[PDB]
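Peer 1: Okay, here's the structure, questions in a sec.
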Amino acid sequence: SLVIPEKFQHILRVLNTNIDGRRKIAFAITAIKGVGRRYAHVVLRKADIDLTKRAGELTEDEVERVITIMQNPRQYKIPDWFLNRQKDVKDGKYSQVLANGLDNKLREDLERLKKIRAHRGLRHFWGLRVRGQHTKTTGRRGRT
Amino acid sequence: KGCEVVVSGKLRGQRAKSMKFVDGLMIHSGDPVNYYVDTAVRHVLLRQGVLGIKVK
Amino acid sequence: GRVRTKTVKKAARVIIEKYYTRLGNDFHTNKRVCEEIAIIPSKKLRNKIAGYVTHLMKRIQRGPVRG
Amino acid sequence: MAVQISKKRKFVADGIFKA
Amino acid sequence: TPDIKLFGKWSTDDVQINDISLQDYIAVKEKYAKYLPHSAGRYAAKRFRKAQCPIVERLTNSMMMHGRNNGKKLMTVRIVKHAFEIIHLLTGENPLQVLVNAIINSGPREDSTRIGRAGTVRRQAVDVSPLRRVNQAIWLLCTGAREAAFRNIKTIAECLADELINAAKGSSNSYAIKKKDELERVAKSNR
Amino acid sequence: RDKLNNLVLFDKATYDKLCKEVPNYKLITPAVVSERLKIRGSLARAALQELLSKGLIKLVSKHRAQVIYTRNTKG
Amino acid sequence: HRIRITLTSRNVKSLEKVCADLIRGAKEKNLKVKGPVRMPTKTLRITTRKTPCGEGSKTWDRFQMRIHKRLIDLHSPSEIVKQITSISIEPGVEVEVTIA
Amino acid sequence: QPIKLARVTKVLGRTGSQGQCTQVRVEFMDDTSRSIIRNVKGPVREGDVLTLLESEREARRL
Amino acid sequence: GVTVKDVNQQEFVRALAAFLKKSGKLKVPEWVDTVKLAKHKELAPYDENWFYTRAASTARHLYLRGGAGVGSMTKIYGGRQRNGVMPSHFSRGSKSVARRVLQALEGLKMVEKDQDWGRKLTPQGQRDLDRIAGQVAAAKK
Amino acid sequence: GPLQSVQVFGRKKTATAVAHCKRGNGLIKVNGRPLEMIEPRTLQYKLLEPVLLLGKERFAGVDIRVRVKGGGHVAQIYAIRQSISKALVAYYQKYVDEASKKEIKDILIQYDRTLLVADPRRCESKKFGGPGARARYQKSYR
RNA sequence: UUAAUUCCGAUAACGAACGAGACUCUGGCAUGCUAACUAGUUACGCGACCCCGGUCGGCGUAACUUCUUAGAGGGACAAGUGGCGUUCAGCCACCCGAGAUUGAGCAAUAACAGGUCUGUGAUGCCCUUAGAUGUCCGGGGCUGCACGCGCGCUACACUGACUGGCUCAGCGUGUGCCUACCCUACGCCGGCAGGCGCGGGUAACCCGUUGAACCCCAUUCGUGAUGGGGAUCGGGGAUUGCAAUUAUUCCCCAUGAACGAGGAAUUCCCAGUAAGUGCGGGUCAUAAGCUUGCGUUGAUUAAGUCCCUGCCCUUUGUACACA
């Protein structure tokens with residue numbers, strides 16, 4: 001039971017993510033940009049997985065079923081409030097975004113505010129703090 | 001038992017002075033100041049400006 | 001830092017010189033004598049006066065008190 | 001009466017009246 | 001038990017301080033032998049009242065430091081209890097005698113200080129008093145446990161148990177004995 | 001500089017080292033065994049609970065901070 | 001018959017004068033009287049800065065105003081203690097009388 | 001060279017740049033006669049003992 | 001015999017939460033496997049059956065000090081909201097979790113919507129509380 | 001038998017403990033719980049100090065109901081260990097031998113004084129220009 | 001010698017005054033006193049449960065004042081014993097004892113071209129005074145960013161983070177004069193922030209027995225910039241206001257930065273003190289990383305010195321006295 005079983009996966013590759021097999025599953029699947037601690041814990045509670053295992057002890061069938069629940073939010077009764085992307089201003093679909101998708105969403109969004117030339121975009125472009133934060137004595141490491 | 005009349009302000013020209021007229025015993029510190037020393041601070045209207053008065 | 005001021009000391013010397021015959025070695029009895037004979041306006045001052053009275057009188061017997 | 005001020009606010013109001 | 005008072009589960013009787021200098025300023029036997037280190041206080045009021053505070057209560061008091069561990073005498077006493085279990089197991093004999101011996105062997109007896117001819121200055125070596133021997137011994141073994149435990153899996157109760165076993169034997173391994181011999185070196189250097 | 005690469009799960013020869021070396025240690029704690037065998041404290045505890053339950057190590061007194069064991073008495 | 005007189009004052013010994021007066025009154029007029037219930041004192045505390053301007057060393061005043069309260073209960077008709085309560089009214093002390 | 005035990009007989013006064021020594025006359029426990037003045041670090045009482053690494057070198061009576 | 005106060009409460013609540021789970025019919029809501037217990041807490045409870053523990057916790061809290069409504073349950077089930085870079089502050093529990101636990105114990109014959117507000121412990125509740133107390137003490141014997 | 005009731009208290013800090021001593025068989029309980037269940041358990045022996053020293057022979061004639069309020073955890077533990085000890089001394093002079101009290105007092109007082117005498121320390125007031133009673137805010141030069 | 005120009009001594013000085021001390025507020029002690037249906041106790045009767053008793057902040061009225069409240073008095077003085085001291089002033093230890101220095105308020109003679117004319121319908125002089133430097137509305141600004149300084153907060157982890165469970169406070173404030181604007185139990189909806197219902201309280205009456213944090217008991221983690229850290233950022237969701245863009249405040253998922261304990265230097269502090277830890281007041285429609293108060297847990301070191309830094313004396317020199 002406690003011995004490293006046959007075919008224990010030291011390295012996993014899923015959604016272009018390096019998940020280490022030695023990590024505990026709830027903090028293992030948390031590695032990718034879009035999946036945090038809370039979203040990792042709710043979806044591993046959804047998939048009928050014992051969260052007491054390491055991320056290498058599971059089987060590829062248990063990997064795909066936790067990957068499907070991940071990309072299928074409302075399809076397994078995860079409510080509107082939990083999602084990291086709710087009512088997109090182009091799509092209008094309430095569903096979570098993951099690594100490369102969210103990189104596209106954020107980049108398009110701040111470049112959209114830049115191109116409509118709303119101040120948020122103008123503060124983004126001129127390279128200052130966006131949320132009315134005092135810059136008279138803060139933000140010097142990033143700006144020499 | 002003793003009195004103190006201070007008259008301060010612009011006296012004998014443009015730079016201000018403070019003339020201090022005391023006679024007898026006068027205490028300054030502690031609780032007995034509350035019920036032995038009777039005070040009165042006032043302002044008077046003279047042409048040069050305000051003359052401040054302090055009677056103890 | 002228990003140095004008695006001129007108030008306590010002078011009051012003690014004046015009380016003994018006028019009323020030697022009542023005051024004694026016991027602190028508590030001559031606390032009550034000083035209370036009656038002297039109209040002293042506070043309790044802590046009465047205790048400090050009475051305290052020094054039963055130190056002066058406890059040395060008058062030994063001999064050469066000056067003041 | 002109907003307004004019914006607290007003892008704190010009443011005694012301060014009595015003090016300010018004199019002031 | 002109107003008989004004798006164990007320190008949780010440790011025997012106070014037949015524990016002798018062999019050194020005569022740290023007999024007067026170490027309070028463990030017969031009268032100062034209590035069940036707990038954690039007592040009221042009222043040692044800090046006067047000068048030499050610190051000397052009579054149970055040496056196990058002195059160990060507890062000194063063990064907690066660096067802001068986060070301030071006013072946590074309940075956490076500190078549970079670490080000392082657990083360490084006392086571990087020094088009993090690793091060694092075999094009485095944990096009180098382990099602590100006493102470690103404190104006697106960790107105490108310096110000559111150390112340098114800046115002296116008069118105040119015209120300029122001079123660094124001359126002087127003797128430390130039996131109370132200062134206790135004070136520096138307990139401080140140096142407490143910072144020995146702290147500095148050893150900081151970022152290493154070896155838990156603090158086990159870190160104290162190492163430092164107490166080491167110093168009690170007169171190791172040269174213990175942080176307390178290294179620092180002592182360093183002070184007595186600098187003393188020899190300027191005497 | 002240095003990095004400490006401890007195991008997450010048991011090797012066969014490390015499990016041999018555990019079940020044979022640990023019942024002669026006069027002080028067995030998750031900290032001691034993790035240092036000697038190179039294992040994570042979670043597995044180190046899990047093995048110590050497995051070994052106590054199977055009936056080899058002798059527990060002294062546990063706590064949420066510190067869980068202490070020792071060797072079984074021979075005579 | 002349970003009439004209640006609440007005596008409230010900033011001065012204590014002026015409050016105790018009026019309080020000790022009304023008990024003397026109730027006892028000399030042969031009336032059942034619950035002794036003065038000393039309700040906890042309230043400390044109106046205001047702490048100000050001492051300076052009118054800004055550029056003095058940071059010093060604070062600590063103004064206090066203590067307010068004291070006794071209440072004395074009586075088992076009697078209204079108009080007897082009305083004649084008593086009308087007697088010995090001081091400038092300091094403040095009286096409020098309820099019937100039931 | 002043997003470490004010797006000595007009983008502090010009396011405190012004289014405090015010395016050093018910032019008053020961080022006790023000038024005390026310390027009598028040897030081994031021989032009843034020999035009393036030499038030494039500077040003492042830490043809080044020292046009258047009627048305690050010292051462990052001298054040398055028994056010969058003496059402090060200056062200031 | 002013994003009562004609820006005569007045994008260690010650390011073993012009592014686990015015994016009573018298990019006792020309720022042996023029944024296993026506690027009107028447990030839908031969103032149990034997605035919810036965070038307070039907006040001062042960060043993660044969902046480590047354990048999966050946190051509802052039966054809290055039901056038994058509320059139950060013995062009404063036993064010891066009765067007449068307690070949902071607002072006193074949010075007060076008693078409070079902790080630090082460590083505000084990140086700003087200093088920590090006391091924060092309340094989730095009103096929904098406390099209300100639904102009491103409504104679960106109301107539907108079951110243990111508590112009662114009490115006059116002067118809040119919920120009492122009914123004689124069947126107190127009985128089951130006092131009997132398991134004896135079972136836990138006889139177990140620790 | 002008749003009334004043999006005495007109520008005696010013990011303060012160490014803002015906290016207070018009151019012990020209702022009265023004849024029966026040995027039973028000592030604080031807000032319902034026995035003395036093995038009052039928290040924290042780390043301070044077990046600090047509660048058992050008067051029991052362990054006087055023995056169960058002296059206690060077994062009477063039962064004590066302690067009730068506590070104010071202060072914190074350590075405070076209330078030093079309050080109750082004082083309250084039961086003071087209550088028994090006060091009991092054993094009022095209803096049995098004066099030599100029996102003299103025996104108890106001398107044993108308790110010489111182990112530790114705090115079993116009878118309250119520690120008179122209380123939290124000192126804060127003053128302006130500082131975050132505590134004596135510590136002051138950081139003065140800046142240049 | 002003292003905390004002190006505080007006293008004793010010496011003595012051409014003797015006797016006094018202000019400041020110091022005394023005084024006032026508070027801290028701690030009373031099984032003594034006067035009193036309590038707006039504080040509670042011990043009994044007692046009913047009522048629930050476990051096996052006569054145990055627990056009961058479930059209920060209800062005979063004794064009472066220990067517990068709580070605030071009034072009066074009492075109490076501690078270097079008084080008692082022993083040493084050192086010109087044997088004086090007093091200091092040191094030790095007993096009995098609740099205390100053997102609790103903390104603050106007040107504060108001399110005189111001075112500074114110290115700060116305030118943005119506190120004043122205190123106020124001389126000057127300026128403006130109808131396209132106003134007045135008074136109002138409308139918008140922006142005081143938040144602007146290569147940079148140097150000052151006061152703070154969270155950190156860098158295992159004595160720790162996380163999730164459960166268990167268990168203890170003290171100060172306060174509360175419906176507004178104009179003033180609009182209060183503190184809130186309880187119940188249903190909601191994941192949360194809130195929302196909708198009916199009440200209490202102008203108060204030892206209601207929030208409330210203020211179920212606070214730390215801490216304490218047990219899981220998870222395992223020396224990894226890591227379940228440490230929470231800056232920066234996207235989206236959505238609530239509340240206040242006439243309006244939140246330049247994010248007011250709050251919620252949720254997301255994003256996961258430098259930081260491995262900090263060079264020259266340098267601040268504060270000796271006992272319920274440092275420090276940790278939370279809680280009220282002020283500001284306040286919205287409202288604490290500030291300040292001002294309150295408990296909670298509770299140490300290391302010292303009973304010294306003029307070495308550094310300041311300040312005050314006495315002797316001394318002076319051609320200085322706006323010094």
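Here's how to read the names in the structure tokens: chain A, B, ... by the order shown, residue numbers from 1 in each chain, ligand numbers from 1 in the order shown.
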Quick check: residues of chain C within 6 Å of chain K, only C-alpha atoms (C1' of nucleotides), returned as a ChimeraX atom specification.

Peer 2: /C:47-48,51

Peer 1: Determine, using only C-alpha atoms (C1' of nucleotides), which residues of chain H have any atom at most 8 Å from an atom of chain K, and tabulate each with its shortest atom pair and distance in Å to one decimal place, rows ordered by chain and then rising number, as a tab-separated table.

Peer 2:
```
residue	atom	partner	partner_atom	distance
H:14	CA	K:304	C1'	7.8
H:17	CA	K:307	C1'	4.6
H:18	CA	K:305	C1'	4.8
H:19	CA	K:305	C1'	4.4
H:20	CA	K:304	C1'	7.3
```

Peer 1: Hey, can you spit out that residue selection with N, CA and C atoms as a PDB file, in the first residue's frame?

Peer 2:
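result.pdb was written with the following content:
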```pdb
ATOM      1  N   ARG H  14      32.311  49.518  42.427  1.00  0.00           N
ATOM      2  CA  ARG H  14      32.149  49.106  41.006  1.00  0.00           C
ATOM      3  C   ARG H  14      33.032  49.981  40.111  1.00  0.00           C
ATOM      4  N   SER H  17      34.564  51.175  32.458  1.00  0.00           N
ATOM      5  CA  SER H  17      34.141  52.386  31.704  1.00  0.00           C
ATOM      6  C   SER H  17      32.695  52.748  32.068  1.00  0.00           C
ATOM      7  N   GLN H  18      31.783  51.764  32.061  1.00  0.00           N
ATOM      8  CA  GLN H  18      30.318  51.961  32.261  1.00  0.00           C
ATOM      9  C   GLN H  18      29.832  51.218  33.516  1.00  0.00           C
ATOM     10  N   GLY H  19      30.677  51.105  34.552  1.00  0.00           N
ATOM     11  CA  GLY H  19      30.340  50.480  35.849  1.00  0.00           C
ATOM     12  C   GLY H  19      29.827  49.058  35.684  1.00  0.00           C
ATOM     13  N   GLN H  20      30.662  48.171  35.130  1.00  0.00           N
ATOM     14  CA  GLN H  20      30.291  46.792  34.700  1.00  0.00           C
ATOM     15  C   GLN H  20      31.258  45.763  35.309  1.00  0.00           C
TER      16      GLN H  20
END
```

Peer 1: I'd like the neighbourhood of residue 31 (chain G) as a VMD selection string, where a residue qualifies if any of its atoms comes within 10 Å (using only C-alpha atoms (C1' of nucleotides)), though same-chain residues fewer than 2 positions away should be ignored.

Peer 2: chain G and resid 23 25 to 29 33 to 34 74 to 77 80 to 81

Peer 1: With N, CA, C and O atoms kept, could you save the residues just selected as a PDB file, in the first residue's frame?

Peer 2:
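Once everything was written out, this is result-v6.pdb:
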```pdb
ATOM      1  N   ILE G  23     -34.746  59.713  52.952  1.00  0.00           N
ATOM      2  CA  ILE G  23     -34.888  58.525  53.855  1.00  0.00           C
ATOM      3  C   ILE G  23     -35.349  59.010  55.238  1.00  0.00           C
ATOM      4  O   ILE G  23     -36.310  58.416  55.757  1.00  0.00           O
ATOM      5  N   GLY G  25     -37.061  61.609  55.853  1.00  0.00           N
ATOM      6  CA  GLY G  25     -38.458  61.988  55.561  1.00  0.00           C
ATOM      7  C   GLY G  25     -39.401  60.796  55.580  1.00  0.00           C
ATOM      8  O   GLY G  25     -40.434  60.877  56.269  1.00  0.00           O
ATOM      9  N   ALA G  26     -39.077  59.737  54.829  1.00  0.00           N
ATOM     10  CA  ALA G  26     -39.902  58.511  54.688  1.00  0.00           C
ATOM     11  C   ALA G  26     -40.061  57.813  56.046  1.00  0.00           C
ATOM     12  O   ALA G  26     -41.169  57.311  56.322  1.00  0.00           O
ATOM     13  N   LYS G  27     -38.998  57.787  56.858  1.00  0.00           N
ATOM     14  CA  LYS G  27     -38.955  57.081  58.169  1.00  0.00           C
ATOM     15  C   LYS G  27     -39.745  57.868  59.224  1.00  0.00           C
ATOM     16  O   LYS G  27     -40.446  57.216  60.026  1.00  0.00           O
ATOM     17  N   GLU G  28     -39.647  59.205  59.226  1.00  0.00           N
ATOM     18  CA  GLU G  28     -40.355  60.091  60.195  1.00  0.00           C
ATOM     19  C   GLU G  28     -41.833  60.258  59.800  1.00  0.00           C
ATOM     20  O   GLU G  28     -42.582  60.816  60.628  1.00  0.00           O
ATOM     21  N   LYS G  29     -42.239  59.808  58.602  1.00  0.00           N
ATOM     22  CA  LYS G  29     -43.659  59.779  58.141  1.00  0.00           C
ATOM     23  C   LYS G  29     -44.184  58.334  58.064  1.00  0.00           C
ATOM     24  O   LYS G  29     -45.294  58.152  57.523  1.00  0.00           O
ATOM     25  N   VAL G  33     -39.714  51.777  52.893  1.00  0.00           N
ATOM     26  CA  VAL G  33     -38.698  52.428  52.013  1.00  0.00           C
ATOM     27  C   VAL G  33     -37.567  51.427  51.736  1.00  0.00           C
ATOM     28  O   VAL G  33     -36.926  50.972  52.704  1.00  0.00           O
ATOM     29  N   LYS G  34     -37.363  51.076  50.461  1.00  0.00           N
ATOM     30  CA  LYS G  34     -36.154  50.356  49.977  1.00  0.00           C
ATOM     31  C   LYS G  34     -35.000  51.361  49.948  1.00  0.00           C
ATOM     32  O   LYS G  34     -35.156  52.405  49.281  1.00  0.00           O
ATOM     33  N   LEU G  74     -40.650  53.464  47.455  1.00  0.00           N
ATOM     34  CA  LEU G  74     -41.575  53.758  48.586  1.00  0.00           C
ATOM     35  C   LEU G  74     -42.935  53.093  48.340  1.00  0.00           C
ATOM     36  O   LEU G  74     -43.434  53.181  47.201  1.00  0.00           O
ATOM     37  N   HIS G  75     -43.496  52.458  49.377  1.00  0.00           N
ATOM     38  CA  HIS G  75     -44.841  51.818  49.386  1.00  0.00           C
ATOM     39  C   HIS G  75     -45.807  52.718  50.171  1.00  0.00           C
ATOM     40  O   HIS G  75     -45.954  52.513  51.395  1.00  0.00           O
ATOM     41  N   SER G  76     -46.425  53.684  49.485  1.00  0.00           N
ATOM     42  CA  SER G  76     -47.248  54.774  50.076  1.00  0.00           C
ATOM     43  C   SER G  76     -48.081  55.448  48.985  1.00  0.00           C
ATOM     44  O   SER G  76     -47.713  55.382  47.813  1.00  0.00           O
ATOM     45  N   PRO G  77     -49.226  56.102  49.310  1.00  0.00           N
ATOM     46  CA  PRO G  77     -49.899  56.987  48.354  1.00  0.00           C
ATOM     47  C   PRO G  77     -49.034  58.187  47.924  1.00  0.00           C
ATOM     48  O   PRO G  77     -48.046  58.476  48.582  1.00  0.00           O
ATOM     49  N   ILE G  80     -48.302  62.289  50.039  1.00  0.00           N
ATOM     50  CA  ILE G  80     -47.575  62.408  51.342  1.00  0.00           C
ATOM     51  C   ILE G  80     -46.106  62.716  51.036  1.00  0.00           C
ATOM     52  O   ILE G  80     -45.587  63.717  51.572  1.00  0.00           O
ATOM     53  N   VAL G  81     -45.473  61.880  50.208  1.00  0.00           N
ATOM     54  CA  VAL G  81     -44.031  61.986  49.834  1.00  0.00           C
ATOM     55  C   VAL G  81     -43.860  63.103  48.792  1.00  0.00           C
ATOM     56  O   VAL G  81     -42.729  63.612  48.672  1.00  0.00           O
TER      57      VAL G  81
END
```

Peer 1: Please list as a PDB file with N, CA, C and O atoms, in the first residue's frame every residue within 12 Å of residue 46 (chain F), counting only C-alpha atoms (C1' of nucleotides) and excluding residues in the same chain fewer than 6 positions away.

Peer 2:
```pdb
ATOM      1  N   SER A   1       0.855  -1.230   0.000  1.00  0.00           N
ATOM      2  CA  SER A   1       0.000   0.000   0.000  1.00  0.00           C
ATOM      3  C   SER A   1       0.876   1.261   0.000  1.00  0.00           C
ATOM      4  O   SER A   1       0.617   2.154  -0.831  1.00  0.00           O
ATOM      5  N   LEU A   2       1.872   1.320   0.895  1.00  0.00           N
ATOM      6  CA  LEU A   2       2.754   2.504   1.110  1.00  0.00           C
ATOM      7  C   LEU A   2       3.980   2.462   0.183  1.00  0.00           C
ATOM      8  O   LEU A   2       4.627   3.519   0.047  1.00  0.00           O
ATOM      9  N   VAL A   3       4.316   1.303  -0.400  1.00  0.00           N
ATOM     10  CA  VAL A   3       5.405   1.168  -1.418  1.00  0.00           C
ATOM     11  C   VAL A   3       4.965   1.898  -2.693  1.00  0.00           C
ATOM     12  O   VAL A   3       3.756   1.849  -3.000  1.00  0.00           O
ATOM     13  N   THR A  52      -6.726  11.574  -0.515  1.00  0.00           N
ATOM     14  CA  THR A  52      -5.636  11.089   0.378  1.00  0.00           C
ATOM     15  C   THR A  52      -4.464  10.508  -0.430  1.00  0.00           C
ATOM     16  O   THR A  52      -3.399  10.291   0.182  1.00  0.00           O
TER      17      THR A  52
ATOM     18  N   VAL F   8       8.774  10.382  -1.720  1.00  0.00           N
ATOM     19  CA  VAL F   8       7.315  10.534  -1.435  1.00  0.00           C
ATOM     20  C   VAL F   8       6.724   9.167  -1.051  1.00  0.00           C
ATOM     21  O   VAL F   8       5.806   9.157  -0.206  1.00  0.00           O
ATOM     22  N   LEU F   9       7.210   8.073  -1.657  1.00  0.00           N
ATOM     23  CA  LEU F   9       6.749   6.678  -1.401  1.00  0.00           C
ATOM     24  C   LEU F   9       7.955   5.750  -1.191  1.00  0.00           C
ATOM     25  O   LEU F   9       9.062   6.098  -1.647  1.00  0.00           O
ATOM     26  N   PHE F  10       7.727   4.609  -0.528  1.00  0.00           N
ATOM     27  CA  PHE F  10       8.767   3.628  -0.110  1.00  0.00           C
ATOM     28  C   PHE F  10       9.371   2.920  -1.327  1.00  0.00           C
ATOM     29  O   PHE F  10       8.622   2.561  -2.257  1.00  0.00           O
ATOM     30  N   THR F  29      11.025   8.849  16.203  1.00  0.00           N
ATOM     31  CA  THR F  29      10.083   9.963  15.909  1.00  0.00           C
ATOM     32  C   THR F  29      10.040  10.172  14.395  1.00  0.00           C
ATOM     33  O   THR F  29      10.980   9.787  13.702  1.00  0.00           O
ATOM     34  N   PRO F  30       8.964  10.775  13.829  1.00  0.00           N
ATOM     35  CA  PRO F  30       8.907  11.072  12.395  1.00  0.00           C
ATOM     36  C   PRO F  30      10.069  11.941  11.878  1.00  0.00           C
ATOM     37  O   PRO F  30      10.398  11.817  10.714  1.00  0.00           O
ATOM     38  N   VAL F  33      13.427   9.413  11.773  1.00  0.00           N
ATOM     39  CA  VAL F  33      13.298   8.392  10.685  1.00  0.00           C
ATOM     40  C   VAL F  33      13.384   9.083   9.314  1.00  0.00           C
ATOM     41  O   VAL F  33      13.995   8.489   8.404  1.00  0.00           O
ATOM     42  N   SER F  34      12.801  10.281   9.171  1.00  0.00           N
ATOM     43  CA  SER F  34      12.836  11.108   7.932  1.00  0.00           C
ATOM     44  C   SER F  34      14.273  11.538   7.611  1.00  0.00           C
ATOM     45  O   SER F  34      14.611  11.605   6.412  1.00  0.00           O
ATOM     46  N   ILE F  39      12.746  10.364   3.772  1.00  0.00           N
ATOM     47  CA  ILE F  39      11.284  10.254   3.474  1.00  0.00           C
ATOM     48  C   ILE F  39      10.582  11.529   3.957  1.00  0.00           C
ATOM     49  O   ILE F  39      11.120  12.196   4.863  1.00  0.00           O
ATOM     50  N   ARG F  40       9.423  11.847   3.371  1.00  0.00           N
ATOM     51  CA  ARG F  40       8.557  12.984   3.789  1.00  0.00           C
ATOM     52  C   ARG F  40       7.849  12.610   5.099  1.00  0.00           C
ATOM     53  O   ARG F  40       7.505  11.421   5.265  1.00  0.00           O
ATOM     54  N   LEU F  52       3.348   0.542  14.709  1.00  0.00           N
ATOM     55  CA  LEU F  52       2.740   0.464  16.070  1.00  0.00           C
ATOM     56  C   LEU F  52       1.534  -0.483  16.032  1.00  0.00           C
ATOM     57  O   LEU F  52       1.435  -1.347  16.926  1.00  0.00           O
ATOM     58  N   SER F  53       0.653  -0.306  15.040  1.00  0.00           N
ATOM     59  CA  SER F  53      -0.606  -1.077  14.849  1.00  0.00           C
ATOM     60  C   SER F  53      -0.294  -2.556  14.580  1.00  0.00           C
ATOM     61  O   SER F  53      -1.005  -3.414  15.142  1.00  0.00           O
ATOM     62  N   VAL F  67       4.893  13.480  18.119  1.00  0.00           N
ATOM     63  CA  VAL F  67       4.504  12.048  18.308  1.00  0.00           C
ATOM     64  C   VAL F  67       5.792  11.239  18.511  1.00  0.00           C
ATOM     65  O   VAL F  67       6.572  11.139  17.544  1.00  0.00           O
TER      66      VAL F  67
END
```

Peer 1: Excluding region 89-91 of chain G and its own-chain neighbours fewer than 3 positions away, which residues fall within 9 Å of it when counting only C-alpha atoms (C1' of nucleotides)? Please give them as a PyMOL selection string.

Peer 2: chain G and resi 14-15+18+85-86+94-95

Peer 1: Might you pull out every residue within 8 Å of region 124-131 of chain A, with only C-alpha atoms (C1' of nucleotides) counted and same-chain residues fewer than 3 positions away left off, and present them as a PyMOL selection string?

Peer 2: (chain A and resi 110+114+120-121+135) or (chain K and resi 232+246-247)

Peer 1: Sorted by chain and rising residue number, which residues of chain K lie within 12 Å of chain D, and what are their closest atom pairs and distances in Å to one decimal, counting only C-alpha atoms (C1' of nucleotides), as CSV?

Peer 2:
```
residue,atom,partner,partner_atom,distance
K:173,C1',D:8,CA,11.1
K:174,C1',D:6,CA,10.0
K:175,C1',D:3,CA,8.9
K:176,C1',D:5,CA,9.4
K:177,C1',D:13,CA,10.2
K:201,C1',D:6,CA,11.6
K:202,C1',D:6,CA,4.6
K:203,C1',D:6,CA,8.2
```

Peer 1: Need the shell around residue 16 (chain J): protein/DNA/RNA residues with any atom at most 6 Å away, counting only C-alpha atoms (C1' of nucleotides). Skip same-chain ones fewer than 6 positions apart. Format as a list in words?

Peer 2: residues 10, 68, 69 and 79 of chain J

Peer 1: Would you mind reading off the distance between CA of residue 18 (chain I) and CA of residue 45 (chain A), one decimal, in Å?

Peer 2: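 Pair CA of residue 18 (chain I) / CA of residue 45 (chain A) returns 21.3 Å.
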
Peer 1: Tell me the residues of chain K close to chain I, meaning within 7 Å using only C-alpha atoms (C1' of nucleotides), as JSON, numbers by chain.

Peer 2: {"K": [48, 49, 50, 51, 54, 55, 57, 153, 154, 163, 165, 166, 186, 191, 192, 211, 212, 230, 289]}

Peer 1: Quick check, in Å to one decimal: how far apart do CA of residue 49 (chain C) and CA of residue 16 (chain C) lie?

Peer 2: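 Answer for the CA of residue 49 (chain C) to CA of residue 16 (chain C) separation: 10.8 Å.
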
Peer 1: Using only C-alpha atoms (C1' of nucleotides) and a distance of at most 10 Å, pull out the residues of chain F that contact chain K, as a list in words.

Peer 2: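 Close enough to count are residues 3, 4, 5, 6, 8, 31, 34, 39, 40, 41, 42, 43, 44, 63, 64 and 65 of chain F.
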
Peer 1: Just to be explicit: take each residue in the selection above, keep C-alpha atoms, and write the result as a PDB file, in the first residue's frame.

Peer 2:
```
ATOM      1  CA  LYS F   3      18.817  20.537  -1.948  1.00  0.00           C
ATOM      2  CA  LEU F   4      17.211  17.663   0.101  1.00  0.00           C
ATOM      3  CA  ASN F   5      15.395  15.249  -2.332  1.00  0.00           C
ATOM      4  CA  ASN F   6      13.416  13.016   0.129  1.00  0.00           C
ATOM      5  CA  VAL F   8       7.315  10.534  -1.435  1.00  0.00           C
ATOM      6  CA  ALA F  31      11.813  13.653  12.443  1.00  0.00           C
ATOM      7  CA  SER F  34      12.836  11.108   7.932  1.00  0.00           C
ATOM      8  CA  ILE F  39      11.284  10.254   3.474  1.00  0.00           C
ATOM      9  CA  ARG F  40       8.557  12.984   3.789  1.00  0.00           C
ATOM     10  CA  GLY F  41       7.105  13.433   7.349  1.00  0.00           C
ATOM     11  CA  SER F  42       3.574  12.363   6.156  1.00  0.00           C
ATOM     12  CA  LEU F  43       4.874   8.894   5.009  1.00  0.00           C
ATOM     13  CA  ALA F  44       7.263   8.738   8.064  1.00  0.00           C
ATOM     14  CA  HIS F  63       0.766  15.261  20.724  1.00  0.00           C
ATOM     15  CA  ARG F  64      -0.518  17.355  17.708  1.00  0.00           C
ATOM     16  CA  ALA F  65       3.060  18.852  17.481  1.00  0.00           C
TER      17      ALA F  65
END
```
